[PDB]
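Enquirer: got an experimental structure here, sequence first:
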Amino acid sequence: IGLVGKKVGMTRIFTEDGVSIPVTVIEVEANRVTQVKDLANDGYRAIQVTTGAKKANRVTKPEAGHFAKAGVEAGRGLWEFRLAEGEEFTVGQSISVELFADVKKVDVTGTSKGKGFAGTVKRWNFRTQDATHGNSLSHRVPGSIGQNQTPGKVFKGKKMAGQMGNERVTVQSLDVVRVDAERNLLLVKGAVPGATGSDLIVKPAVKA
Amino acid sequence: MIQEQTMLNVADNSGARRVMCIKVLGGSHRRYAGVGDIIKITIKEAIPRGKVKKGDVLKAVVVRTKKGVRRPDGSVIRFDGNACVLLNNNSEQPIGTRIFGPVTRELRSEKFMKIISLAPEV
Amino acid sequence: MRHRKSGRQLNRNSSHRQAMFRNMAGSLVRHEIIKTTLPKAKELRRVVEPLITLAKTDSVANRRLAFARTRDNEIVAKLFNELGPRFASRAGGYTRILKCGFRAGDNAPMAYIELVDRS
Amino acid sequence: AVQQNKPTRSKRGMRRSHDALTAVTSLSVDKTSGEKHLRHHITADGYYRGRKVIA
Amino acid sequence: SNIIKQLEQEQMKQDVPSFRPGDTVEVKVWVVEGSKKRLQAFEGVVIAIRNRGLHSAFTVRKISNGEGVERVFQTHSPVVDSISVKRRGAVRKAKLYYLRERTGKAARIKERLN
RNA sequence: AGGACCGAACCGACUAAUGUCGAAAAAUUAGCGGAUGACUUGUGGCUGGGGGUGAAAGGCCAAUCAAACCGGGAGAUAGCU
RNA sequence: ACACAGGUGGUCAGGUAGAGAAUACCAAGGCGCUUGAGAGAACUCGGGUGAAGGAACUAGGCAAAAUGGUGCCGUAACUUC
RNA sequence: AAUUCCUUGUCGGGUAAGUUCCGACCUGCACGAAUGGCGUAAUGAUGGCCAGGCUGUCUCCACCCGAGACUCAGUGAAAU
RNA sequence: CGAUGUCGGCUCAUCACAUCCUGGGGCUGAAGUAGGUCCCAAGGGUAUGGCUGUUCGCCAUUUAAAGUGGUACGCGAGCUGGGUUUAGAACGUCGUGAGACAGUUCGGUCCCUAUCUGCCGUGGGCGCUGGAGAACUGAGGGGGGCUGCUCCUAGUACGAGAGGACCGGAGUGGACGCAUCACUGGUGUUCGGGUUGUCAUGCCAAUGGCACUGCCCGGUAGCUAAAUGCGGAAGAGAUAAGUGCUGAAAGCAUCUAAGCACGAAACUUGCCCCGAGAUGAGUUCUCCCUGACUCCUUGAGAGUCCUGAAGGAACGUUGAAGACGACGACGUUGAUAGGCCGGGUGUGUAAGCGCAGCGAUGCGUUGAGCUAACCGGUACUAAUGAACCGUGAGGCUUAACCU
Ligand SMILES: [K+]
Ligand SMILES: [Mg+2]
Ligand SMILES: [Mg+2]
Ligand SMILES: [Mg+2]
Ligand SMILES: [Mg+2]
Ligand SMILES: [Mg+2]
Ligand SMILES: [Mg+2]
Ligand SMILES: [Mg+2]
Ligand SMILES: [Mg+2]
Ligand SMILES: [Mg+2]
Ligand SMILES: [Mg+2]
Ligand SMILES: [Mg+2]
Ligand SMILES: [Mg+2]
Ligand SMILES: [Mg+2]
Ligand SMILES: [Mg+2]
Ligand SMILES: [Mg+2]
Ligand SMILES: [Mg+2]
Ligand SMILES: [Mg+2]
Ligand SMILES: [Mg+2]
Ligand SMILES: [Mg+2]
Ligand SMILES: [Mg+2]
Ligand SMILES: [Mg+2]
Ligand SMILES: [Mg+2]
Ligand SMILES: [Mg+2]
Ligand SMILES: [Mg+2]
Ligand SMILES: [Mg+2]
Ligand SMILES: [Mg+2]
Ligand SMILES: [Mg+2]
Ligand SMILES: [Mg+2]
Ligand SMILES: [Mg+2]
Ligand SMILES: [Mg+2]
Ligand SMILES: [Mg+2]
Ligand SMILES: [Mg+2]
Ligand SMILES: [Mg+2]
Ligand SMILES: [Mg+2]
Ligand SMILES: [Mg+2]
Ligand SMILES: [Mg+2]
Ligand SMILES: [Mg+2]
Ligand SMILES: [Mg+2]
Ligand SMILES: [Mg+2]
Ligand SMILES: [Mg+2]
Ligand SMILES: [Mg+2]
Ligand SMILES: [Mg+2]
Ligand SMILES: [Mg+2]
Ligand SMILES: [Mg+2]
Ligand SMILES: [Mg+2]
Ligand SMILES: [Mg+2]
Ligand SMILES: [Mg+2]
Ligand SMILES: [Mg+2]
Ligand SMILES: [Mg+2]
Ligand SMILES: [Mg+2]
Ligand SMILES: [Mg+2]
Ligand SMILES: [Mg+2]
Ligand SMILES: [Mg+2]
Ligand SMILES: [Mg+2]
Ligand SMILES: [Mg+2]
Ligand SMILES: [Mg+2]
Ligand SMILES: [Mg+2]
Ligand SMILES: [Mg+2]
Ligand SMILES: [Mg+2]
Ligand SMILES: [Mg+2]
Ligand SMILES: [Mg+2]
Ligand SMILES: [Mg+2]
Ligand SMILES: [Mg+2]
Ligand SMILES: [Mg+2]
Ligand SMILES: [Mg+2]
Ligand SMILES: [Mg+2]
Ligand SMILES: [Mg+2]
Ligand SMILES: [Mg+2]
Ligand SMILES: [Mg+2]
Ligand SMILES: [Mg+2]
Ligand SMILES: [Mg+2]
Ligand SMILES: [Mg+2]
Ligand SMILES: [Mg+2]
Ligand SMILES: [Mg+2]
Ligand SMILES: [Mg+2]
Ligand SMILES: [Mg+2]
Ligand SMILES: [Mg+2]
Ligand SMILES: [Mg+2]
Ligand SMILES: [Mg+2]
Ligand SMILES: [Mg+2]
Ligand SMILES: [Mg+2]
Ligand SMILES: [Mg+2]
Ligand SMILES: [Mg+2]
Ligand SMILES: [Mg+2]
Ligand SMILES: [Mg+2]
Ligand SMILES: [Mg+2]
Ligand SMILES: [Mg+2]
Ligand SMILES: [Mg+2]
Ligand SMILES: [Mg+2]
Ligand SMILES: [Mg+2]
Ligand SMILES: [Mg+2]
Ligand SMILES: [Mg+2]
Ligand SMILES: [Mg+2]
Ligand SMILES: [Mg+2]
Ligand SMILES: [Mg+2]
Ligand SMILES: [Mg+2]
Ligand SMILES: [Mg+2]
Ligand SMILES: [Mg+2]
Ligand SMILES: [Mg+2]
Ligand SMILES: [Mg+2]
Ligand SMILES: [Mg+2]
Ligand SMILES: [Mg+2]
Ligand SMILES: [Mg+2]
Ligand SMILES: [Mg+2]
Ligand SMILES: [Mg+2]
Ligand SMILES: [Mg+2]
Ligand SMILES: [Mg+2]
Ligand SMILES: [Mg+2]
Ligand SMILES: [Mg+2]
Ligand SMILES: [Mg+2]
Ligand SMILES: [Mg+2]
Ligand SMILES: [Mg+2]
Ligand SMILES: [Mg+2]
Ligand SMILES: [Mg+2]
Ligand SMILES: [Mg+2]
Ligand SMILES: [Mg+2]
Ligand SMILES: [Mg+2]
Ligand SMILES: [Mg+2]
Ligand SMILES: [Mg+2]
Ligand SMILES: [Mg+2]
Ligand SMILES: [Mg+2]
Ligand SMILES: [Mg+2]
Ligand SMILES: [Mg+2]
Ligand SMILES: [Mg+2]
Ligand SMILES: [Mg+2]
Ligand SMILES: [Mg+2]
Ligand SMILES: [Mg+2]
Ligand SMILES: [Mg+2]
Ligand SMILES: [Mg+2]
Ligand SMILES: [Mg+2]
Ligand SMILES: [Mg+2]
Ligand SMILES: [Mg+2]
Ligand SMILES: [Mg+2]
Ligand SMILES: [Mg+2]
Ligand SMILES: [Mg+2]
Ligand SMILES: [Mg+2]
Ligand SMILES: [Mg+2]
Ligand SMILES: [Mg+2]
Ligand SMILES: [Mg+2]
Ligand SMILES: [Mg+2]
Ligand SMILES: [Mg+2]
Ligand SMILES: [Mg+2]
Ligand SMILES: [Mg+2]
Ligand SMILES: [Mg+2]
Ligand SMILES: [Mg+2]
Ligand SMILES: [Mg+2]
Ligand SMILES: [Mg+2]
Ligand SMILES: [Mg+2]
Ligand SMILES: [Mg+2]
Ligand SMILES: [Mg+2]
Ligand SMILES: [Mg+2]
Ligand SMILES: [Mg+2]
Ligand SMILES: [Mg+2]
Ligand SMILES: [Mg+2]
Ligand SMILES: [Mg+2]
Ligand SMILES: [Mg+2]
Ligand SMILES: [Mg+2]
Ligand SMILES: [Mg+2]
Ligand SMILES: [Mg+2]
Ligand SMILES: [Mg+2]
Ligand SMILES: [Mg+2]
Ligand SMILES: [Mg+2]
Ligand SMILES: [Mg+2]
Ligand SMILES: [Mg+2]
Ligand SMILES: [Mg+2]
Ligand SMILES: [Mg+2]
Ligand SMILES: [Mg+2]
Ligand SMILES: [Mg+2]
Ligand SMILES: [Mg+2]
Ligand SMILES: [Mg+2]
Ligand SMILES: [Mg+2]
Ligand SMILES: [Mg+2]
Ligand SMILES: [Mg+2]
Ligand SMILES: [Mg+2]
Ligand SMILES: [Mg+2]
Ligand SMILES: [Mg+2]
Ligand SMILES: [Mg+2]
Ligand SMILES: [Mg+2]
Ligand SMILES: [Mg+2]
Ligand SMILES: [Mg+2]
Ligand SMILES: [Mg+2]
Ligand SMILES: [Mg+2]
Ligand SMILES: [Mg+2]
Ligand SMILES: [Mg+2]
Ligand SMILES: [Mg+2]
Ligand SMILES: [Mg+2]
Ligand SMILES: [Mg+2]
Ligand SMILES: [Mg+2]
Ligand SMILES: [Mg+2]
Ligand SMILES: [Mg+2]
Ligand SMILES: [Mg+2]
Ligand SMILES: [Mg+2]
Ligand SMILES: [Mg+2]
Ligand SMILES: [Mg+2]
Ligand SMILES: [Mg+2]
Ligand SMILES: [Mg+2]
Ligand SMILES: [Mg+2]
Ligand SMILES: [Mg+2]
Ligand SMILES: [Mg+2]
Ligand SMILES: [Mg+2]
Ligand SMILES: [Mg+2]
Ligand SMILES: [Mg+2]
Ligand SMILES: [Mg+2]
Ligand SMILES: [Mg+2]
Ligand SMILES: [Mg+2]
Ligand SMILES: [Mg+2]
Ligand SMILES: [Mg+2]
Ligand SMILES: [Mg+2]
Ligand SMILES: [Mg+2]
Ligand SMILES: [Mg+2]
Ligand SMILES: [Mg+2]
Ligand SMILES: [Mg+2]
Ligand SMILES: [Mg+2]
Ligand SMILES: [Mg+2]
Ligand SMILES: [Mg+2]
Ligand SMILES: [Mg+2]
Ligand SMILES: [Mg+2]
Ligand SMILES: [Mg+2]
Ligand SMILES: [Mg+2]
Ligand SMILES: [Mg+2]
Ligand SMILES: [Mg+2]
Ligand SMILES: [Mg+2]
Ligand SMILES: [Mg+2]
Ligand SMILES: [Mg+2]
Ligand SMILES: [Mg+2]
Ligand SMILES: [Mg+2]
Ligand SMILES: [Mg+2]
Ligand SMILES: [Mg+2]
Ligand SMILES: [Mg+2]
Ligand SMILES: [Mg+2]
Ligand SMILES: [Mg+2]
Ligand SMILES: [Mg+2]
Ligand SMILES: [Mg+2]
Ligand SMILES: [Mg+2]
Ligand SMILES: [Mg+2]
Ligand SMILES: [Mg+2]
Ligand SMILES: [Mg+2]
Ligand SMILES: [Mg+2]
Ligand SMILES: [Mg+2]
Ligand SMILES: [Mg+2]
Ligand SMILES: [Mg+2]
Ligand SMILES: [Mg+2]
Ligand SMILES: [Mg+2]
Ligand SMILES: [Mg+2]
Ligand SMILES: [Mg+2]
Ligand SMILES: [Mg+2]
Ligand SMILES: [Mg+2]
Ligand SMILES: [Mg+2]
Ligand SMILES: [Mg+2]
Ligand SMILES: [Mg+2]
Ligand SMILES: [Mg+2]
Ligand SMILES: [Mg+2]
Ligand SMILES: [Mg+2]
Ligand SMILES: [Mg+2]
Ligand SMILES: [Mg+2]
Ligand SMILES: [Mg+2]
Ligand SMILES: [Mg+2]
Ligand SMILES: [Mg+2]
Ligand SMILES: [Mg+2]
Ligand SMILES: [Mg+2]
Ligand SMILES: [Mg+2]
Ligand SMILES: [Mg+2]
Ligand SMILES: [Mg+2]
Ligand SMILES: [Mg+2]
Ligand SMILES: [Mg+2]
Ligand SMILES: [Mg+2]
Ligand SMILES: [Mg+2]
Ligand SMILES: [Mg+2]
Ligand SMILES: [Mg+2]
Ligand SMILES: [Mg+2]
Ligand SMILES: [Mg+2]
Ligand SMILES: [Mg+2]
Ligand SMILES: [Mg+2]
Ligand SMILES: [Mg+2]
Ligand SMILES: [Mg+2]
Ligand SMILES: [Mg+2]
């Protein structure tokens, strides 16, 4: 199905033979089920979960009630997962990191680090024009953006400067190294999106 | 990190003193060689008594780099000079009888086992 | 892009920026209250409040350090004698920012910054 | 550079629709004196949060 | 953070000898010749020491036959078997990168003997 | 001794960038050439328009030059717009 | 045309370092250049640094980088000596 | 060849590769002797070519420091 | 012709298919390997150098390949200005001469702050029919689709031999994309130190200023690539070319006229992202408001008064969010920022003081002192009691329910 978890930086695990494997430490606290959606009401089968612990004055009544229907404590934020026919869950149930004890590889979704207004060189890997040899005010500029009379227009999806990052991106099939049940961790190989403290949706690899 | 126009000192005793990389083999738009890759060489400086004269175009393998080689531990091995060993274009196999200076583990891959046996370290 | 960075540039070069805090920090210690631009006030806390900690241990090294910063033996004399022992009990937070409207000639947000005592 | 043909009153207005600046509508009252001022700012006389902290 | 610190602290070997830069160190290293498992040696001057707990490392420079070699060891790797110190240099710098430019007599360093 | 050498003032203007509704109707910044000479410069003279002057580019003659400027012939003339 | 990033002849010539009226830092004396306050995107301008490679750039090493002082040793073809 | 059209003539040198360069050959479209010919030392902000050193010129861009750009207050153009 | 900037290069592309590679097929003078030609196929991919202003071309070395074209011979309000095509000068040549020559040669100002369309980003407005907070659905749109080698199958088929597979399967690359900063490094004018000139704090000593950060040497966080993870898929649907099965018209025959199977990087899904302004404005969950009088030309009407909710905005402290808006965290029932404390890291043995030496300086106290953006704590400073917008049970017409 999937679990929500805060990113907690990066480390490495040294395997006894020698290999140091760079790991992302994802803390995965008790993901508790706030709602179960089904074909009768909603037209599709899913579960809504929560995690963390939001202070009571910061949570609003419309959500405070929403948690009181389940009976769970008010976690910081809500996420939904689609069920794969066979599995079935109940409201108020706490899903733990022990689901990933069986799996080998995981898709990790997160929000990428925001680079702000990025130019074409940074954003699209556009090539810098000649740094000298006569060049006039046009070193890192994008160059041409179209043809002439014929279109007489720039085409849609033309790679230009603009907002880079702060976008939801998914890194697929990362190898799970260790699944610590006691501290509630999930060590995956490689790097996943977003900064330390960002929320990650970790789930089993679709590309088996 | 050897590329076109990179000059290399020669590890073996084939004759060449200084060579120059004229192409990195094994892919289109392939920027660099290193570690134990095959490169195309031109001899820019040779000794008088050597087997290979100046301005000969032949193959070589990079055995040492200043950029260095990463081990799987995260550790790196760097040298103070990019270096190579000349080979016979189509036949491959080293021209020189003996190899000066060390050569890394990542050069170990069947075809270069002659190069490792002659080398005095690693 | 400035992720996890600190320090305001304040539309000055470094050497200048360092000087104008050296002066302003001297002025805050002398007069005990200053009217300055709200950012300059916020950035003056990171210069002055360390000089007040430095001033608690009266010796030589610290006097020479507090002279290496500031560069005035009056300010160094008012530190150590008064502001050292006067802020003995208090653990940080020696200064206070109060916003006092906008500057007439440029609409800059003003702010009084003063030492937490004035008595 | 340079317009092909001059825009209207209408467009000039359409553009200025966002230039309308907003009022404060959020004046405070000092606990002791009862003087109006901006939130988190001192008063004209020299008060803040019902306590004199200025000459 | 504590979560990371706890994962680091468990891995770190708790018996590394204190060596400063400018010390002639003999690092012993595990190597694998397919099926074998040899202990190689690497004696050389310690040029740089990066302290970051589990992520700590150090550069050893060795002027072996022909030309100089420079090897960066990851201190808390299991590949590094032992780090024996031979000579202790009286050098007053953290990083000894100037020794790359020098050779032979210029490159040699005074011993501590305090 | 020197139309000698290096190099500031001074005189110049080779390259590049900036600037191009400029800070500036020719400049700035970094380098650049000459720098006791066929040098440079202050003050005052003289040369007048088919005329001057020109180590000669049709250069220069008041931001104007294969014939200055101002006034006049003059509302030249225009099978052209 | 402007309280204009230009042009404008003579005279006076302090200290330390230096060959010096170069340059650096200062004295006498004079000024901070008549819009400021924030923020710290792309991009432009003026700079600093850069792993490995080192002209592969380009019409062209344009531009940058590099060399640089004093004393002493030493210094080739070629020459109108 | 500042002169050569056919032409990137042919040969040699240099380069891994040289329509440029240097040396030579004469088939001088259309050199040539004060509208000077051929030589050549020295000189050149002169044209062409090669080498060393050096480099963000480039492989391939990265970060940093300032001045604008951006926001707030004041003043307030222009071509069209 | 009251001006549509002309070659070539760079940047940035986009379409066609008459396909260069990769995919699927027929014939072959196809044993195998490798071809030859033809058919379908436009998903993706498609050199770097030497010479020349070149486009082209030749040459060197690669590559799976180094496709042909259109797009003002794409692209100068994007760059360049080598070429062409101004004014200087020269050579050859023609001309008595002024001068002339896709003949050659050396030198020779490339302006524009973007109104509209377009495009990349990012908001304000109202709408979606009580209001509000969340979580989805997915119409629709975009992105991604490259491939080498090695090794097994197997020295197996094939073949006299030499050579040498189809079909399967694993590894490991090049290129390219996405993410990240654990490592390797770069950067790091806010950290530490060395040092030249000089000026200053009375002076010594010790600091500080200025000299491009004065010049250097290291370097925290952050950002980052050259650094390390991941990715293109298997799968299915419908097919192209082609291969068939049964089977007439046409006793047979024939892939088809009924009918029925296979069949490719194309097509539709599968993977990633946006996505209800999808006005056809969707769905689920939760939350909140259940007082009156007046006027009427009886409206979904204008008011008077009492109430002001859920929530939001504003203000403040702010951020791995950011041009500004926005987005996220926190506001005392509090770790949001600063400070403070402790650690870490970095630099590399501070100062005073002692001792050694004539002096430079050396030890000793001392791995000291100082340590930015880091980590863990800590209410010491600053985040205010309020005010502010937002209301009062939400239209008519049917049908099911229903008392
Ligand atoms: K296969
Ligand atoms: Mg950000
Ligand atoms: Mg940028
Ligand atoms: Mg480029
Ligand atoms: Mg470039
Ligand atoms: Mg130009
Ligand atoms: Mg321009
Ligand atoms: Mg220009
Ligand atoms: Mg420029
Ligand atoms: Mg432009
Ligand atoms: Mg411009
Ligand atoms: Mg995988
Ligand atoms: Mg690369
Ligand atoms: Mg040759
Ligand atoms: Mg040869
Ligand atoms: Mg911060
Ligand atoms: Mg912080
Ligand atoms: Mg901060
Ligand atoms: Mg700030
Ligand atoms: Mg300012
Ligand atoms: Mg400003
Ligand atoms: Mg300075
Ligand atoms: Mg601090
Ligand atoms: Mg402290
Ligand atoms: Mg303290
Ligand atoms: Mg028009
Ligand atoms: Mg309006
Ligand atoms: Mg506006
Ligand atoms: Mg002279
Ligand atoms: Mg001068
Ligand atoms: Mg001058
Ligand atoms: Mg003068
Ligand atoms: Mg002059
Ligand atoms: Mg010039
Ligand atoms: Mg001039
Ligand atoms: Mg000079
Ligand atoms: Mg000069
Ligand atoms: Mg001279
Ligand atoms: Mg001179
Ligand atoms: Mg001279
Ligand atoms: Mg003389
Ligand atoms: Mg005169
Ligand atoms: Mg006259
Ligand atoms: Mg005459
Ligand atoms: Mg006359
Ligand atoms: Mg003429
Ligand atoms: Mg006349
Ligand atoms: Mg006339
Ligand atoms: Mg006139
Ligand atoms: Mg008339
Ligand atoms: Mg008349
Ligand atoms: Mg005048
Ligand atoms: Mg002025
Ligand atoms: Mg002036
Ligand atoms: Mg001025
Ligand atoms: Mg002048
Ligand atoms: Mg005078
Ligand atoms: Mg005089
Ligand atoms: Mg002087
Ligand atoms: Mg002196
Ligand atoms: Mg001077
Ligand atoms: Mg001064
Ligand atoms: Mg004075
Ligand atoms: Mg004075
Ligand atoms: Mg004056
Ligand atoms: Mg004054
Ligand atoms: Mg002033
Ligand atoms: Mg003023
Ligand atoms: Mg200002
Ligand atoms: Mg802001
Ligand atoms: Mg910045
Ligand atoms: Mg900036
Ligand atoms: Mg920003
Ligand atoms: Mg910026
Ligand atoms: Mg401009
Ligand atoms: Mg710049
Ligand atoms: Mg610059
Ligand atoms: Mg420098
Ligand atoms: Mg720079
Ligand atoms: Mg530099
Ligand atoms: Mg470099
Ligand atoms: Mg470095
Ligand atoms: Mg280097
Ligand atoms: Mg080289
Ligand atoms: Mg070199
Ligand atoms: Mg070269
Ligand atoms: Mg190349
Ligand atoms: Mg080239
Ligand atoms: Mg090229
Ligand atoms: Mg050329
Ligand atoms: Mg040239
Ligand atoms: Mg130059
Ligand atoms: Mg440099
Ligand atoms: Mg320079
Ligand atoms: Mg420099
Ligand atoms: Mg120097
Ligand atoms: Mg010298
Ligand atoms: Mg000398
Ligand atoms: Mg001599
Ligand atoms: Mg010679
Ligand atoms: Mg010719
Ligand atoms: Mg030729
Ligand atoms: Mg030839
Ligand atoms: Mg030939
Ligand atoms: Mg050859
Ligand atoms: Mg030839
Ligand atoms: Mg060339
Ligand atoms: Mg010749
Ligand atoms: Mg000849
Ligand atoms: Mg010949
Ligand atoms: Mg002959
Ligand atoms: Mg002649
Ligand atoms: Mg002649
Ligand atoms: Mg004669
Ligand atoms: Mg004559
Ligand atoms: Mg004659
Ligand atoms: Mg002559
Ligand atoms: Mg001649
Ligand atoms: Mg000659
Ligand atoms: Mg001569
Ligand atoms: Mg000669
Ligand atoms: Mg000569
Ligand atoms: Mg001259
Ligand atoms: Mg000249
Ligand atoms: Mg030239
Ligand atoms: Mg030359
Ligand atoms: Mg030329
Ligand atoms: Mg060179
Ligand atoms: Mg050399
Ligand atoms: Mg890049
Ligand atoms: Mg900056
Ligand atoms: Mg600025
Ligand atoms: Mg401005
Ligand atoms: Mg501004
Ligand atoms: Mg404004
Ligand atoms: Mg304004
Ligand atoms: Mg107007
Ligand atoms: Mg008009
Ligand atoms: Mg017309
Ligand atoms: Mg027109
Ligand atoms: Mg044109
Ligand atoms: Mg043409
Ligand atoms: Mg090109
Ligand atoms: Mg492109
Ligand atoms: Mg076709
Ligand atoms: Mg055909
Ligand atoms: Mg075909
Ligand atoms: Mg084909
Ligand atoms: Mg393939
Ligand atoms: Mg296949
Ligand atoms: Mg076939
Ligand atoms: Mg067709
Ligand atoms: Mg294609
Ligand atoms: Mg298509
Ligand atoms: Mg396409
Ligand atoms: Mg597809
Ligand atoms: Mg692609
Ligand atoms: Mg070349
Ligand atoms: Mg070329
Ligand atoms: Mg070829
Ligand atoms: Mg190939
Ligand atoms: Mg083509
Ligand atoms: Mg067409
Ligand atoms: Mg055409
Ligand atoms: Mg075309
Ligand atoms: Mg065109
Ligand atoms: Mg084209
Ligand atoms: Mg255009
Ligand atoms: Mg064009
Ligand atoms: Mg332009
Ligand atoms: Mg030209
Ligand atoms: Mg030019
Ligand atoms: Mg030309
Ligand atoms: Mg021209
Ligand atoms: Mg002419
Ligand atoms: Mg012509
Ligand atoms: Mg000709
Ligand atoms: Mg010129
Ligand atoms: Mg030029
Ligand atoms: Mg020019
Ligand atoms: Mg603007
Ligand atoms: Mg659009
Ligand atoms: Mg958006
Ligand atoms: Mg909206
Ligand atoms: Mg609304
Ligand atoms: Mg509404
Ligand atoms: Mg809605
Ligand atoms: Mg509704
Ligand atoms: Mg509703
Ligand atoms: Mg809603
Ligand atoms: Mg959704
Ligand atoms: Mg969703
Ligand atoms: Mg697509
Ligand atoms: Mg086999
Ligand atoms: Mg067998
Ligand atoms: Mg047989
Ligand atoms: Mg085989
Ligand atoms: Mg085969
Ligand atoms: Mg890559
Ligand atoms: Mg880190
Ligand atoms: Mg570093
Ligand atoms: Mg540095
Ligand atoms: Mg210091
Ligand atoms: Mg000293
Ligand atoms: Mg001094
Ligand atoms: Mg003074
Ligand atoms: Mg004094
Ligand atoms: Mg002293
Ligand atoms: Mg001392
Ligand atoms: Mg000063
Ligand atoms: Mg100065
Ligand atoms: Mg510096
Ligand atoms: Mg200093
Ligand atoms: Mg990237
Ligand atoms: Mg890698
Ligand atoms: Mg892959
Ligand atoms: Mg398929
Ligand atoms: Mg039948
Ligand atoms: Mg049949
Ligand atoms: Mg099918
Ligand atoms: Mg494929
Ligand atoms: Mg969505
Ligand atoms: Mg509806
Ligand atoms: Mg709804
Ligand atoms: Mg519902
Ligand atoms: Mg009621
Ligand atoms: Mg009403
Ligand atoms: Mg009322
Ligand atoms: Mg209200
Ligand atoms: Mg109320
Ligand atoms: Mg409320
Ligand atoms: Mg909200
Ligand atoms: Mg606001
Ligand atoms: Mg706020
Ligand atoms: Mg802030
Ligand atoms: Mg901020
Ligand atoms: Mg605004
Ligand atoms: Mg935004
Ligand atoms: Mg808002
Ligand atoms: Mg909004
Ligand atoms: Mg917000
Ligand atoms: Mg929210
Ligand atoms: Mg609040
Ligand atoms: Mg409290
Ligand atoms: Mg609270
Ligand atoms: Mg608390
Ligand atoms: Mg905290
Ligand atoms: Mg607490
Ligand atoms: Mg602090
Ligand atoms: Mg502290
Ligand atoms: Mg340390
Ligand atoms: Mg010590
Ligand atoms: Mg000591
Ligand atoms: Mg001490
Ligand atoms: Mg010190
Ligand atoms: Mg004593
Ligand atoms: Mg003594
Ligand atoms: Mg002692
Ligand atoms: Mg000790
Ligand atoms: Mg320490
Ligand atoms: Mg500390
Ligand atoms: Mg802090
Ligand atoms: Mg903290
Ligand atoms: Mg603690
Ligand atoms: Mg308390
Ligand atoms: Mg408490
Ligand atoms: Mg308190
Ligand atoms: Mg109250
Ligand atoms: Mg409040
Ligand atoms: Mg209220
Ligand atoms: Mg009210
Ligand atoms: Mg209402
Ligand atoms: Mg009512
Ligand atoms: Mg109701
Ligand atoms: Mg309701
Ligand atoms: Mg209702
Ligand atoms: Mg009703």
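Expert: Ah, there it is. Residues are numbered from 1 along each chain as shown, chains lettered A, B, ... in the order given. Ligands and ions are numbered 1, 2, ... in the order given.

Enquirer: which strand or helix spans the most centrally placed residue in chain C?
Expert: The centroid of chain C falls nearest to residue C:48 when counting by Cα atoms, centre = their mean (3.1 Å). Assigned by DSSP states H and E, residue C:48 belongs to helix C:38-54.

Enquirer: ok, residue A:109 next?
Expert: Assigned by DSSP H and E, residue A:109 belongs to strand A:105-111.

Enquirer: next SSE downstream of that strand?
Expert: That would be, after strand A:105-111 and using DSSP H and E, strand A:116-118.

Enquirer: off-centre distance for that next one?
Expert: On the basis of Cα atoms, centre = their mean, to the nearest Å, strand A:116-118 sits 20 Å off its chain's mean C-alpha point.

Enquirer: need the residues that contact it.
Expert: Strand A:116-118 is touched from outside by A:161-165, C:1, with contacts defined as Cβ atoms under 8 Å, 6 or more residues apart in numbering or on different chains. Where C-beta positions appear, they are placed from N, C-alpha and C, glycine not excepted.

Enquirer: so which of those are also by chain D?
Expert: Of the residues in the contacts of strand A:116-118, proximity to chain D by Cβ under 8 Å from any Cβ of the partner chain holds for none.

Enquirer: drop anything exposed from the residues you listed.
Expert: Among these, the ones that count as buried by 16 or more other Cβ atoms under 10 Å in any protein chain shown are A:161, A:164-165.

Enquirer: TSV for the residues you listed, including distance to residue A:94 and secondary structure?
Expert: As requested, the buried ones among the contacts of strand A:116-118 are arranged in TSV below (distance: Cβ to Cβ, whole Å; DSSP: H, G, I helix; E, B strand; the rest coil):
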residue	distance to residue A:94	secondary structure
A:161	46	coil
A:164	38	strand
A:165	33	coil
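
Enquirer: can I get these in CSV with distance to residue B:102?
Expert: Formatted as CSV, the buried ones among the contacts of strand A:116-118 follow (distance: Cβ to Cβ, whole Å):
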residue, distance to residue B:102
A:161, 49
A:164, 45
A:165, 44
